Every structure is written in C-alpha cells, then in structure tokens.
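Trainee: these chains are from a complex, not moved at all, and more is on the way:
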Amino acid sequence: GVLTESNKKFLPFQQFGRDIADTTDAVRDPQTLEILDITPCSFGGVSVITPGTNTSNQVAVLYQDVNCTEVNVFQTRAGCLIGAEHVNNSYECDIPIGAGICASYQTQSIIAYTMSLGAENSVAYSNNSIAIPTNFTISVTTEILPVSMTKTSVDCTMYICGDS
C-alpha cells in the first residue's frame, strides 16, 4: 500500500488500526512511535473504446476511476481517456463512455465529445396563434419483441458425474 502520516490517535496500548473489512488501515512504526495510514495502491479496470475491427484497428483505452498522473490525454469523470482527443463539436452518441461523454470514429482518429441531447427547436408561441396540419404521411414502423426462449433440460445425475 501507500503509507502516509495519520492523525488518528492511538491509545497507549494498541499498535495497528483495523478497517471495517478487517484489513489493517493504520499501523504504528516500531522504530519511532509514529502513526501511519495504510491506503491501497491505485487500482482500476481498463476498458478499450474500439471502433469495429472492420473500420480500423486503432483503439483508445479508458482507465476506470484512476486519474492518469501514474503512467491525447483527456481526463473525464469516468477516468482518463488515452488515444482520443477532446472536441468542441457535439454529435449523437455512438460509443457510451460515461458522465455524458461519448466517443466515435470520425473522418482520422477517435474523438471524445460531449454527448448531444438532440436538435433544438423553439415553437412560435402567441396567445392567438395556432398551427393546423394540411397533409399527412402514412408511416409503418416495426416493433420486435422476444416471446420465448429455447426449452432446455439438464439431467443432474449425468451432468454431475456421468456413468459412475
């Protein structure tokens, strides 16, 4: 872990502190009676933001929840992103990263931009104004719904130990 001086006051008899999960959180140095805190080292999952292998083979990486001061470098609230650059143009969401930032392959590199909620439209409002449609467009849409899943069965005796 990483050791840093701890302000925790140890009574004259006990030496090392304990956390809720029974892992030492603070210890007192044997040579000098000083109180130190034990903090676990930086840890976090790493995710790759990959445009499909057909489109390209360059891939950026996302270090989850670990600011990358421990080793183009965009620090987001989802971690810091390496391999992709911040942009000021907001586009529709293609790859979701988190905290409202999304990345996609643009034409070439990977760009991480603020996600775009959608277009903006202000409808003329007045106390005496109305809009009435004049034509129409019949439209057909599709809704796909799962209805059943394959009916499987497992023999417990044969699976656990077959023919014994």
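Mentor: Looks like it arrived, so ask away. Residues are numbered from 1 along each chain as shown, chains lettered A, B, ... in the order given.
Trainee: which residues are in contact with stretch A:85-96?
Mentor: Residues outside stretch A:85-96 that contact it (C-beta atoms under 8 Å, 6 or more residues apart in numbering): A:49, A:51, A:72, A:74, A:102-106, A:109-116. Quick note: C-beta positions are derived from backbone N, CA and C, even for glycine.
Trainee: hmm, 10 Å instead?
Mentor: If you take C-beta atoms under 10 Å, 6 or more residues apart in numbering as the criterion, stretch A:85-96 is touched by A:49-51, A:60, A:72-76, A:78, A:84, A:100-106, A:109-118.
Trainee: how long is it end to end?
Mentor: Counting by C-alpha to C-alpha, to the nearest Å, you get 15 Å between the two ends of stretch A:85-96.
Trainee: may I see the PyMOL selection of the buried members of the contacts of stretch A:85-96?
Mentor: To isolate the buried ones among the contacts of stretch A:85-96 in PyMOL, judged by 16 or more other C-beta atoms under 10 Å, type:
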select buried, chain A and resi 49+50+51+60+74+76+78+84+101+102+103+104+105+110+111+112+113+115
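Trainee: in strands only, show me the contacts of stretch A:85-96.
Mentor: A:49, A:60, A:73-75, A:84, A:101-106, A:109-114 (DSSP state E).
Trainee: as a quick check, tell me the outermost residue of chain A.
Mentor: residue A:128 (49.1 Å; C-alpha atoms, centre = their mean).
Trainee: distance-wise, check that residue relative to residue A:121.
Mentor: Look at residue A:128 and residue A:121: by C-beta to C-beta, to the nearest Å, they are 21 Å apart.
Trainee: now residue A:100
Mentor: For residue A:100 relative to residue A:121 (C-beta to C-beta), the value is 21 Å.
Trainee: what of residue A:154?
Mentor: 55 Å.
Trainee: do the same with residue A:65
Mentor: 37 Å.
Trainee: higher neighbour count, those two?
Mentor: Taking other C-beta atoms under 10 Å, residue A:65 and residue A:121 do not tie; residue A:65 has more neighbours (14 against 5).
Trainee: can you add chain B next? sequence is:
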Amino acid sequence: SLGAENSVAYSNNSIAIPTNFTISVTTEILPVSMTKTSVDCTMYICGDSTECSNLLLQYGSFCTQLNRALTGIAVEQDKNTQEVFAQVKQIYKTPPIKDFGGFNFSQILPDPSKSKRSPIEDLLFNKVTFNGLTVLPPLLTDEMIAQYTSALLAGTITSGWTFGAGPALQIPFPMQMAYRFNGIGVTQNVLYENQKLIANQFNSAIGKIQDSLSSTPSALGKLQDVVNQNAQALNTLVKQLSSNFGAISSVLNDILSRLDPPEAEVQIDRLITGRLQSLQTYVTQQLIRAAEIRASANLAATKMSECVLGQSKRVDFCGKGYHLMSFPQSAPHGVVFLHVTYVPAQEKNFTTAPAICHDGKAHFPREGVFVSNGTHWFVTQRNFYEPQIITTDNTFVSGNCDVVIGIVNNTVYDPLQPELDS
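Mentor: To build on what is shown above, here is chain B added in:
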C-alpha cells in the same frame, strides 16, 4: 379501520350532478435507475496475493460470470434512463415571456438563477441523500436529465399533446385546456367562462405541492428505499471479508505469512469457498433488484408517454379524478410526476327520467342527462351543471312512448316554430 363509512342514497328517479370543480395536482414518485456498481471477483476474493489467484483459477468461470452479470445490470440502468426520459426528437424551449392566460408555471419550469433546475426539482434533489468494488458513473448526467425534463415540459406547455405524435404544433394554452376538458366529457364553455378560477386553482395547487414535499421528509421514500437497499447490500458484502469461514484467520496475508504451501492452501481454499459464496449471493440479489427497478422504469416510461405526451382515459393511472395533463420532474435516480386532475366538487341532487314524450314520440338526450329543478325539465351535461332548455337540437327520437319505462311528459321546444309563425 378500513375507511370512513358513507352510504349513498339510491332511488330509481334520482340523479346528482356536479356544480363546481376543484383542480388538483397530485404527485407520483417512481424509481427509474439504480447505482452502477461493479465488484471485481479476483480482487475481492484473492486480495493481490498470487498464491490465492492460482488456486482461484481452478474454480472455472465463476470469477467471470459475476463480472458479466454485473456489467449487464450496469448497462441496463442506462437503458432504463434513456427509455424513460429520451422521448423527444427535439429539445423544445419555452417562449421568453410567460403569457399563458393566467397560468404561472414558475415552480415547474427551469430557473436560470441557479445548475438550471426547477424549484420543485431542487427540493427533490435536496431531500434524497474491499478494493474490488467501484461505482461507475451514469451515462446521462443530472444536467442532461433536467434538460430532457425541461424539453418535455416546454413541449407540453406550448405545443400540447401534438409534439409527441409528430411535428410540434403550437396552441394557445387556454385552448389546450379547453380540449382537455372536452376530453374528460365537459364542454369547453366551462373553461372559457371560469378561466380565472381554473388558473387560480392550478397556481395554488402547484404552489402547495412544493410545501407538501418539504413539510413531510418521507415523501421520497421510494427513491430513498432503493438507495438504502443497494448501500446495505454492498456493506454486507464488505463485512463478509471479516469472517474466518472455518479457517484460522480472515486476513489472507497473515494466513500466508505463517504457513507453508501444503498447509496454507487448505485454509486458502476454505476462504475461497466462503468469499465466492458470499459474492454469488450478492450478485443474485442485485439481479432480482434490478428486475424490479426495470419494471418501475417500464411503468415510468409508459406513464411518461401515455400521460405527459397525451391525455389518459385510464382511470387512476394518472391520479385520482379525471386526468387533464401531467408534468414530469427529475429526481435522484427517479422521476416525479405531477398529475393535474379535474375533480367534481359541489354535487346537487336532481330528479331524473330516461326519456321525455312530446308528440307520441320518445326523445333521448343527445349528450347529457334529463334533470328537473322540481318544476321544469332541462338537459345538462353529466359532468357539470349547466341546465339547458330541451330543444329538438339536443335530442333525438326513437320509438313510441310506451316502450321506455319511466318516460315523462314535457314540452320539447322547436326553433322552427317561432321563425315559422312570424
């Protein structure tokens, strides 16, 4: 006590018709998303000790199944939020001035003085309050969730129910409320002729809802309950790393600092079984909980589409009373709906008859009911008392008088007679 006893008089000739109404704004709170928490199986079960990991790899896919399940829950939370809130193809905006014919919406619209969130949403936000585990951030921030709620309110105020079915068509707000009354069965003269009272009632109700939320701290119980359940479950998972599970010590480093491989391995195995069982129980509880939250998100998306983006004919689905129009509000991990309902109020009991006979014919009310003030007869709408003279415009004819049971004799005025006699 189940409820207040109240028996209602019934008679074969009696009717009771409303005479005045009370606009009412009620509230509904629904959980829409959970917290996207992921727990690493190896870094929780075997704490950075390779001697433990080598034993762990012999338990097959148990480590990766739990990660896969938790990832599924975490993605589903984002899908739930997108489904409930992202129902708009455009981000509509309010007009700069607020000439809504007497309706003050300051308590629901976004306020620029502050994060731009409505005065109701601020009160909502304020009220709601090992190495393996981490919390992932939501895809949609609270600012964007408020933008979508702002868009839905702005469309439902300026363009009415037309924005959700196609292009947004503007409408004057009082006309929009008149169509909503005409929807619930009440003619639009009633709104046009009581506009000040209806605006006053609506403004007072919306103002009262803010105090109601503040006065009771337990209004947001559903959202708080969801947050507490998740937190407690994670806390129990962290606590289970303090149990020996039949070994000599819970601490892995100590149990490896005091024994040789042949003797350390048996104790490690005992811990691996216990910790893997505890994590597996946690993952299964999270899958069940996610499923109930998914049902609440699907219900919330249905209420948003069927109630905010239109008018619902479904009883009790958007508040007690007839539903006129609803307003969504964001909340932490949830959505709060504001249902505006028209409630009948001052009932007056009048006598009634199925049909009236004038010239050997039976007349039936075109829309409305037959009532008497005790002496004369009048036909009035079922959901309001606006008594009207029985002309032949508001009734139709079918049959001889004897067939209907309860037929009464009266005079049906005919507009033809005066202009034909002259």
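Trainee: chain B added, so what about the contacts of stretch A:85-96 now?
Mentor: For stretch A:85-96, the surrounding residues in contact (C-beta atoms under 10 Å, 6 or more residues apart in numbering or on different chains) are A:49-51, A:60, A:72-76, A:78, A:84, A:100-106, A:109-118, B:75, B:78, B:82, B:86, B:139-140.
Trainee: tell me which element residue A:148 is part of?
Mentor: Using DSSP states H and E, residue A:148 falls within no helix or strand.
Trainee: and it, how many neighbours?
Mentor: Burial of residue A:148 is recorded as 5 neighbouring residues (other C-beta atoms under 10 Å in any protein chain shown).
Trainee: neighbours around the residue nearest to residue A:131 when sequence neighbours are not counted, how many?
Mentor: Nearest residue to residue A:131, sequence neighbours excluded (C-beta to C-beta, 6 or more residues apart in numbering or on different chains): residue B:169, at 4.1 Å. Per other C-beta under 10 Å, the neighbour tally for residue B:169 reads 17.
Trainee: residue contacts, residue B:169?
Mentor: A:123, A:130, A:131, A:132, A:133, B:158, B:159, B:160, B:161, B:162, B:163.
Trainee: gap between the closest residue to residue B:182 other than its chain neighbours and residue B:300?
Mentor: Nearest non-adjacent residue to residue B:182, counting by C-beta to C-beta, 6+ apart: residue B:188, 5.2 Å away. Counting by C-beta to C-beta, the gap from residue B:188 to residue B:300 is 31 Å.
Trainee: same deal with residue B:311?
Mentor: Distance from residue B:311 to residue B:300, by C-beta to C-beta: 18 Å.
Trainee: so those two - more neighbours on which side?
Mentor: Higher neighbour count among residue B:311 and residue B:300: residue B:300, with 25 against 18, using other C-beta under 10 Å.
Trainee: distance of that one from chain A?
Mentor: Residue B:300 sits 19 Å away from chain A, going by C-beta to the nearest C-beta, to the nearest Å.
Trainee: give the contact list for that residue.
Mentor: B:28-33, B:80-81, B:83-85, B:328, B:334-335, B:337.
Trainee: between the residues you listed, which is nearest residue B:263?
Mentor: residue B:33 (48.0 Å; C-beta to C-beta).
Trainee: here's chain C, drop it on:
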Amino acid sequence: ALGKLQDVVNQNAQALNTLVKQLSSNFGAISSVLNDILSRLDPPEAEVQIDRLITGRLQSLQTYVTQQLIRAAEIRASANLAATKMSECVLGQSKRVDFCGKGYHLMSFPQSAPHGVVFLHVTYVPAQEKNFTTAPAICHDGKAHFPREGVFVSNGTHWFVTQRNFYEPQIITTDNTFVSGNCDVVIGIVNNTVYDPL
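Mentor: Below is chain C, added to the chains above:
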C-alpha cells in the same frame, strides 16, 4: 435490426456453453476427469476428492438454473407486453400514445419471427403545418358561439371552423357551433358573423 431476438439466443447459448465448459475444472481436486480421480487414489482417499468435484459441479448447475429463472422472468414480461400489443393494437385501435408507433395509431399487423413477434404499426402523421390566427369563440347576436368539433381559424379575410388535425376550412354556420352565454365573460372573443341555413 433484430437485436432483441439475437441477444436472447446469444445469452442462452453462452450460459449453456459455460455450464458445459465448467466440467473441465478440477475445483481444487487433482484432476477434472472423474475416472482418474477414482482410479489413481484408493477408494477412501478418492471419495474426498470426488466430494470436492461434486460440490463444484453442483454449484455450477445451481448458478445456471438461478440465472435461467431470472432470464425467463424477463422474457415473460416481454411476452406479456407482446400479448397486450396483440390484443390492444392489432385486434383493435389504440388511443394510447407511443404504445403503437410514434404517431396516431391507425392499424397494426403481426409477423412471426424466431422466438419472437414483429409488429407493423401503421401510423398517421401530420405533415405540412401552417400558421393561422385563432380565437376562443365568436360573438354575433350578443351571444357566444363555441365550435362543436373544430377550431376557429382565420387567414386574415374570413373566419372558418376546421378539424383540429386537418386543415379543411368551412363556414361558421349555426349547424356546427353551440351557443352559451354573452360576449363579456369569454376572454379574447372576436365579433364576427355566423350564417344560418334558415
């Protein structure tokens, strides 16, 4: 396009593949293959290793059955929604918004699909909007006149009453407006002339 059905098949197959693959793990014993464990060790020392293998396999089976019961409940919720669409959207016409396509629902047609149903939602959509001036009611004889099923609209030279969802202008007769009250109470009332068929 058929992502939902594909996901259902992919998830179920991945669960079966993991359940079968877990039979290759020794779970802390000395060999996955039961025959080797039984033969290499004498019966009284073979039994404890077999017990460890049985426990691991039984836990893998229990994890599979629990995950399937959860998945099946999600499928049942989707099947119930499909039944509600097949009842309230193809066997009838639904007033409910967004239940059957983003638009006004006219009619729907079902289509089969492997382990699923696909619905074809035919929806009317308003198309070319145009801006007209409106007024709540018109006053002609010192009386109000409210539209019966339409909206008052004016191109600047006349007043017509038209359907709310289609622009078909029509004359303001007394056949389509009902009378209630006088000029003062209704806000914004516009004085105009209502023709009569008499």
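Trainee: now that chain C has been added, could you go back to the neighbour count of residue B:169?
Mentor: 23.
Trainee: go on, residue B:398?
Mentor: 11.
Trainee: ok, now which ones touch it?
Mentor: B:355, B:361, B:362, B:363, B:364, B:404.
Trainee: try 7 Å this time
Mentor: B:362, B:364 (C-beta atoms under 7 Å, 6 or more residues apart in numbering or on different chains).
Trainee: equivalent analysis for the one 3 residues further on, please.
Mentor: Residues touching residue B:401, when contacts are defined by C-beta under 7 Å, 6+ apart, comprise B:357, B:360, B:362, B:407.
Trainee: kindly indicate which of those lies nearest chain A.
Mentor: The closest of the contacts of residue B:401 to chain A turns out to be residue B:362 (C-beta to the nearest C-beta; 40.1 Å).
Trainee: now residue B:67. Nearest residue, chain neighbours left out?
Mentor: residue B:41 (6.1 Å).
Trainee: quick one: that neighbour from residue C:180, how far?
Mentor: Applying C-beta to C-beta to residue B:41 and residue C:180 gives a distance of 72 Å.
Trainee: the residue nearest to residue B:67 - how many residues pack around it?
Mentor: Neighbour tally, residue B:41, other C-beta under 10 Å: 22.
Trainee: past the host helix or strand of residue B:285, which element shows up next along the chain?
Mentor: Per DSSP H and E, residue B:285 falls inside helix B:261-303. Downstream of helix B:261-303, the first helix or strand assigned by DSSP H and E is strand B:322-331.
Trainee: close to chain C, is that next one?
Mentor: No. Strand B:322-331 lies apart from chain C when judged by C-beta under 7 Å from any C-beta of the partner chain; the minimum separation is 11.9 Å.
Trainee: counting by contacts, list what that strand packs against.
Mentor: Secondary-structure packing of strand B:322-331 (3 or more C-beta pairs under 7 Å, 6 or more residues apart in numbering or on different chains; DSSP states H and E): helix B:119-127, helix B:142-158, helix B:173-184, strand B:334-344.
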